[PDB]
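Chains, contacts and geometry: an overview
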Amino acid sequence: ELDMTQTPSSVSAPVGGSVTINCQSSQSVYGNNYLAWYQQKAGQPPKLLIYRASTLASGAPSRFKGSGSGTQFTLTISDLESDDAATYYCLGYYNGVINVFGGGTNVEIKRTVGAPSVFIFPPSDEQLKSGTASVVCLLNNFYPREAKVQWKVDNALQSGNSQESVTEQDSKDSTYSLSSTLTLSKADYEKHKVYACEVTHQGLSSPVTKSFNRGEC
Amino acid sequence: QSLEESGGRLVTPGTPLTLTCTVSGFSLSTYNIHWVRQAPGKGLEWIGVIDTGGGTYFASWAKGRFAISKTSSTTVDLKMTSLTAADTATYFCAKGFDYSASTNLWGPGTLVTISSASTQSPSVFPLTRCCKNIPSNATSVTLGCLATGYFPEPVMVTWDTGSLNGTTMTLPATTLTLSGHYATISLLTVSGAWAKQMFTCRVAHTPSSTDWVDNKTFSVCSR
Amino acid sequence: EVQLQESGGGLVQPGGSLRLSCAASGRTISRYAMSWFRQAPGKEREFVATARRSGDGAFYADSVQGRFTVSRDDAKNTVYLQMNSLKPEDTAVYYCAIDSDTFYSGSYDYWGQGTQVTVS
C-alpha cells in the first residue's frame, strides 16, 4: 500500500562534482528518522552508508551525507571518485514492522568522450561442428554508453539474431565495454561470404566497420 | 563475524525450496536475521525478519508463502512455497540489530532460478581474430572465450597466461532468446610474446557439478 | 532538408577567444544532439564537443575540456561553441553535425560546410 519514491533513477556527475538522491515516503517512517542508505555494486551485497537518516556508518567515508526527517530524505555524495559508480538504495522502516526499499538510483561518473576500439571474432571451427555459428563484435573502452551496432551479412542488414552485453562502468577509467553476438545456424553461415560489424558512436565522425571473409582468415 | 547463504538452485515452478543462512561470529539470541532478495537487473526487495524469540514478520506481497525458522544456534532457514518465475532472484540474509533492515553485515547471496529448463553445461569456444587482420607489429592482442548454452547462472572464467601479464574482463550474461540459456564472453588482453604463447581459459559451472571445469587451450594464430 | 551554416571563426592570438555558431534552417534541431568536429588539413577528423537535448548535458573531448564550452539556443535553431584559451594545436576547420539518432548513438548524417579557426 505505502510507497517509497526514489528520484532520480539515473544521475551523472564528474570526478569532484556532487550528486543528490531523494527518497519520499507516502507515510512518515518509524520515529521520523528510521531511514537507511545503501551502496551496491555488481554481484555484491549492498553496503550500508547512512543509518537513522543522518548517522554515518562505520567504514563509510565522510563525503556521504544524509539528511531529512519524516517523509523527505536526501543523500548527498560530495567529492566524487570513480569508486562511487554504483547503484544506491534507500530503506525505510515503518510502524507495523515493515521495511520498504527505494527503487534505486544509478550514479554514473561523467568523463571525457572516448571512441570505442572495435574488434571482430569469426566463429571457431569447434563450434561449427555443432551446427551453430556465433560471430562476436567487441566495442572496447568507450564513453558515453550510447552506441549502435549493426550486422551486415553479404551487405544485408540483419534483424532479430543478435544480442548485446554491456559491462558496468569501470572503477578506474570510467569507460564501458560492449559485445554483440550474432547467432546463425551452420547452414546459414556457410551460404555467405562477407561478415561485417558496423559501429556508430558519438566520438566517431563516421561509422567504423570491421569485417572478414569466411575461410579467408 | 559473517553470514553465508546456501540452498539456491534450479527448481521447477511449484516446487518447495528451503534456503539456509549460516551465521558465524554473533549469536541469534542477540541479533535478528533479515531476508532480502533481488531479481536480475532489478532492485532490492525486503522479504521478512525473525527475531530472537522466534516471531516472524513479512512484507505485504509475501501472503504466507514465506516462512522463517531458527533451526540451530548458527543456522536460520527460509522456506518458500508457490514459486513461479518471478521469484528468480539472488537471496541475501543479513544480521539485524533491530526490526529495521539497516545493517552492515550481509551474506554474499545465493542464486535461485525458477524455470522448467534443464541444467545444461556450457560449451566453451575460443575467440581469436583473423590473423591477416592482426598487424605484424602489434605489441598487444585481445583474445577471448565464449561460454554459451548453459543454464542456470553462473559461470566463472579464469585465465592461465603463462609468463605473460594480462588483464581479464568478463561481460554480464545474456539470455539467449531461442533457448532461454545464458551466454558470457570473457576477454584477455596480453602484451609481449603472445605469438608463440598458449593461453587457457578455465570455465567452471557449479550448477552442473561442483567440480565441472572446462579448460580450452589455444593460441592467437594457428600458424 | 536542413542546412547547417557555421560562423564565427577566423584568426586569433594564442590565449584569445572565439565563439562559433551553427545555425540550422529547415528542421527543428531541438530534438537532436549537435556535435562539433575539427579537421586539420591532411589529418583525421576528430571529436571536439557535443550538446545533447536541453537537460541531457554536454560532453567534451579530452584535448578541449576546461577551455571550450558548448551550448544551445533552441528557439533560434542555433548551437554555440565558446572557445576560450586557444592553443596552436586548436588550428583546424571546425564542423557542425546533427546526431540524427535521438538516443545519442552518433548517427551523423547532416554536416555543415565548416569554418576556419587559426591560432598564431
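Structure determination for this entry, per the PDB record, employed X-ray crystallography and reached 3.10 Å resolution.

Right, let's get into the overall build of chain C. When helices and strands are counted, chain C shows 0 helices and 11 strands. Reading the helices (α) and strands (β) of chain C from amino to carboxyl end gives β-β-β-β-β-β-β-β-β-β-β. Its C-alpha atoms give chain C a radius of gyration of 13 Å, within 12% of the compact-globule value 14 Å for 120 residues. Based on the C-alpha atoms only, the size of chain C along its principal axes is roughly 35 × 25 × 25 Å. Counting all 120 residues of chain C, 48% fall into the buried class.

Residues and elements named next belong to chain B. Strand order across the open sheet formed by 6 strands is β2-β10-β9-β4-β5-β6, with mixed pairing between neighbours. Each edge of the sheet is formed by a strand with only one pairing partner; in this case those strands are β2 (10-11) and β6 (56-58). Pairing of β2 with strand β10 (residues 110-114) involves 2 bridges; the strand directions are parallel. If you follow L10 over to β10, its bridge partner there is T113.

Let's shift gears to empty space enclosed by the protein. In the structure shown here, the tally under the stated rule is 2 cavities of 30 Å³ or more. Taken together, B:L28, B:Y31, B:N32, B:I33, B:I50, B:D51, B:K70 and B:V76 make up the lining of the largest cavity. A breakdown of the residues in the lining of the largest cavity according to their chemical character gives 5 nonpolar, 1 polar and 2 charged. Estimates place the volume of the second largest cavity at around 30 Å³. Lining the second largest cavity are A:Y34, A:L35, A:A36, A:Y51, A:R52, B:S100 and B:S102.

This part is about the interface of chain A and chain C. In this assembly, 15 residues from chain A lie in contact with 20 residues from chain C. Surface buried jointly by chain A and chain C totals about 1,300 Å² across both partners, of which 52% is contributed by carbon and sulfur atoms. The interface formed by chain A and chain C contains 1 salt bridge. Among the ionic pairs, C:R52 bridges to A:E146, the shortest N-O distance being 2.6 Å. Counting the contacts that link chain A with chain C gives 7 residue pairs in polar contact. For the side of chain A that touches chain C, the secondary-structure elements that each account for two or more residues are β14 (147-153) and β18 (194-201) of chain A. Each residue belonging to the side of chain A that touches chain C can be placed in one class, and the counts come to 5 nonpolar, 6 polar and 4 charged.

Residues and elements named next belong to chain A. Taken domain by domain, chain A consists of domain 1 (1-111) and domain 2 (112-214). Taking only C-alpha atoms, the centre of domain 1 and the centre of domain 2 are 37 Å apart. At the interface, 11 residues of domain 1 touch 12 residues of domain 2. Buried surface at the junction of domain 1 and domain 2, summed over both partners, amounts to about 890 Å²; 37% is from carbon and sulfur atoms. In terms of surface lost to domain 2, no three residues of domain 1 exceed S82, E108 and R111, which account for 68% of the buried area on that side. Counting across the interface, domain 1 meets domain 2 through 0 salt bridges. Where domain 1 packs against domain 2, one counts 6 residue pairs in polar contact.

So, on to the layout of surface pockets. If you add up the space inside the second largest pocket, you get close to 610 Å³. In terms of lining, the second largest pocket is formed by 29 residues, of which the most central are A:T132, A:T183, B:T148, B:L176 and B:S179. For the lining of the second largest pocket, the element with the most residues is strand β16 (residues 162-166) of chain A, which contributes 4 residues. For the lining of the second largest pocket, a count of residues per class yields 7 nonpolar, 21 polar and 1 charged.

Quick look at the interface of chain B and chain A now. Across the boundary between the two partners, chain B contributes 44 residues, which contact 43 residues of chain A. Carbon and sulfur atoms supply 64% of the area that chain B and chain A bury against each other, a total of about 3,500 Å² over both sides. Summed over the shared surface of chain B and chain A, the number is 2 salt bridges. Its salt-bridge partner being B:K216, residue A:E126 comes within 2.8 Å of it at the nearest N-O pair.

This part takes up unusual backbone geometry. Put simply, A:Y143 and A:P144 share a cis peptide bond, and its omega is 0°. The topology assignment puts A:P144 in the loop between β13 (132-142) and β14. Each neighbour pair has its own omega, and for B:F151 with B:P152 the value is -5°, a cis peptide bond. Tracing the sequence through the fold places B:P152 in the loop between β12 (140-150) and β13 (156-160). Here A:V97, not a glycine, exhibits a phi torsion of approximately 55°, which is positive. As for its position among the elements, A:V97 is in the loop between β9 (87-94) and β10 (98-101).

Now for the environment of B:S27. All names here are of chain B. Summarising the element assignment, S27 is placed in the loop between β3 (17-24) and β4 (32-38). Using a relative accessible area of 35% as the deciding quantity, one classes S27 as partly exposed. Considered as a pair, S27 and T128 are 101 residues apart in the sequence and their alpha carbons are 53 Å apart.

No other pair of the 2 pairs of chains in contact has as many contacts as chains A and B. As for chain C relative to chain B, no contact occurs, and the smallest C-alpha gap between them is 21 Å.

A few words now on the sheet that holds strand β17 (residues 176-185) of chain A. Residues and elements named next belong to chain A. Strand order in the open sheet made by the 4 strands is β12-β13-β17-β16, with antiparallel pairing throughout. In the strand order of this sheet, the two ends are held by β12 (117-121) and β16, each with one partner. Here the average twist between neighbouring strands, direction ignored, is 15°. Taken together, the 9 bridges between β13 and β17 define a ladder with antiparallel strand orientation. Of the residues in β17, the one forming a bridge with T132 is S185.

Rules used in this analysis
- Residues numbered from 1 in each chain as written, not as in the entry; some residues may be left out.
- Chains lettered and ligands numbered in written order.
- Heavy atoms only, no water.
- Helix = DSSP H or I, 4+ residues; strand = E, 2+ residues; numbered from the N terminus.
- Rg over C-alpha atoms; globule rule 2.2 N^0.38 Å.
- Buried < 20%, exposed > 50% of the residue type's maximum accessible area, 1.4 Å probe, protein only.
- Pairing = 2+ DSSP bridges.
- 1 Å grid on protein atoms, 1.4 Å probe; cavity = no way out; pocket = protein on both sides within 12 Å on 5 of 7 lines; lining within 4 Å.
- Points joined across faces, edges and corners; volume = space filled by probe spheres on them.
- Nonpolar A, V, L, I, M, F, W, Y, C, P; charged D, E, K, R; others polar.
- Contact = heavy atoms within 4.5 Å.
- Buried area = accessible area lost by both parts, 1.4 Å probe.
- Salt bridge = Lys/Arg side-chain N within 4 Å of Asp/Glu carboxyl O.
- Polar contact = N/O pair within 3.5 Å; in protein donor to acceptor, adjacent residues only side chain to side chain.
- Domains from an automatic or database assignment.
- Axes fitted to C-alpha atoms, helices over the stretch in contact; angles between N-to-C directions.

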